[PDB]
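Novice: Below is the structure I would like to discuss, written out as structure tokens.
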Amino acid sequence: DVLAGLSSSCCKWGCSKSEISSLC
Amino acid sequence: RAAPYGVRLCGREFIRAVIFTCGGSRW
């Protein structure tokens with residue numbers, strides 16, 4: 001999904017505050 | 001390790017990171 005989709009990249013590579021905060 | 005404002009987040013780390021980035025004590 002949207003979260004799992006980003007989660008995959010966040011875990012695989014990582015994510016910045018910008019990408020993460022945009023989820024709230 | 002510091003604040004998850006630009007690192008690898010897996011599952012539980014991802015969710016807590018979302019919270020943390022947005023405030024930490026939001027949910």
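Chain labels A, B, ... are given in the sequence in which chains occur in the structure tokens; within each chain residues are numbered consecutively from 1, and ligands are likewise numbered from 1 in the order shown.
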DSSP on the backbone: which residues in chain B end up as alpha helix (DSSP H)? Give the answer as a list in words.

Specialist: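 These are the residues in question: residues 12, 13, 14, 15, 16, 17, 18, 19, 20, 21 and 22 of chain B.
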
Novice: Tell me which protein, DNA and RNA residues are within 10 Å of segment 10-15 of chain A, counting only C-alpha atoms, leaving out same-chain ones fewer than 2 positions away, and put them as a VMD selection string.

Specialist: (chain A and resid 3 to 8 17 to 21) or (chain B and resid 4 to 11 13 to 14 17)

Novice: Using the selection just defined, write its residues with N, CA and C atoms as a tab-separated table (two decimals), in the first residue's frame.

Specialist:
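For reference, out.tsv as written:
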chain	number	residue	atom	x	y	z
A	3	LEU	N	1.71	3.16	2.81
A	3	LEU	CA	2.63	3.06	3.93
A	3	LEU	C	3.60	1.91	3.74
A	4	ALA	N	3.08	0.72	3.43
A	4	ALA	CA	3.94	-0.43	3.20
A	4	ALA	C	4.89	-0.14	2.05
A	5	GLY	N	4.38	0.58	1.05
A	5	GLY	CA	5.19	0.95	-0.09
A	5	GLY	C	6.37	1.80	0.32
A	6	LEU	N	6.12	2.82	1.14
A	6	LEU	CA	7.19	3.68	1.62
A	6	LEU	C	8.04	2.93	2.63
A	7	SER	N	7.37	2.15	3.48
A	7	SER	CA	8.01	1.35	4.51
A	7	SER	C	9.09	0.46	3.90
A	8	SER	N	8.78	-0.12	2.74
A	8	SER	CA	9.72	-0.97	2.03
A	8	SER	C	11.00	-0.20	1.70
A	17	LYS	N	12.97	12.92	7.33
A	17	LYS	CA	11.87	13.49	8.10
A	17	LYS	C	10.77	14.00	7.18
A	18	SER	N	11.16	14.55	6.06
A	18	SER	CA	10.22	15.08	5.09
A	18	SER	C	9.24	14.00	4.61
A	19	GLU	N	9.79	12.90	4.14
A	19	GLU	CA	9.00	11.78	3.64
A	19	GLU	C	8.15	11.17	4.74
A	20	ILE	N	8.74	11.02	5.91
A	20	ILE	CA	8.05	10.42	7.04
A	20	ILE	C	6.96	11.33	7.62
A	21	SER	N	7.27	12.60	7.81
A	21	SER	CA	6.30	13.54	8.37
A	21	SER	C	5.11	13.74	7.44
B	4	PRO	N	15.21	9.57	13.89
B	4	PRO	CA	14.95	8.96	12.58
B	4	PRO	C	14.49	9.99	11.54
B	5	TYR	N	15.27	11.05	11.39
B	5	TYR	CA	14.95	12.11	10.44
B	5	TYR	C	15.70	11.94	9.13
B	6	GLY	N	16.19	10.73	8.90
B	6	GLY	CA	16.92	10.44	7.68
B	6	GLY	C	17.73	9.17	7.82
B	7	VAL	N	17.06	8.07	8.12
B	7	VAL	CA	17.73	6.78	8.30
B	7	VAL	C	16.83	5.64	7.84
B	8	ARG	N	17.25	4.42	8.12
B	8	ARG	CA	16.48	3.25	7.74
B	8	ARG	C	15.46	2.93	8.82
B	9	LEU	N	14.23	2.77	8.40
B	9	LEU	CA	13.12	2.45	9.31
B	9	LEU	C	12.39	1.20	8.84
B	10	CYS	N	12.41	0.16	9.66
B	10	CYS	CA	11.76	-1.09	9.31
B	10	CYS	C	10.57	-1.39	10.22
B	11	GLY	N	9.40	-1.54	9.60
B	11	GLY	CA	8.17	-1.86	10.33
B	11	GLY	C	7.90	-0.96	11.52
B	13	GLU	N	9.91	0.51	13.44
B	13	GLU	CA	10.75	1.69	13.44
B	13	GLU	C	10.14	2.74	12.53
B	14	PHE	N	9.53	2.26	11.47
B	14	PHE	CA	8.87	3.10	10.50
B	14	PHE	C	7.72	3.85	11.15
B	17	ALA	N	8.84	6.18	13.76
B	17	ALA	CA	9.52	7.29	13.10
B	17	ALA	C	8.51	8.30	12.60
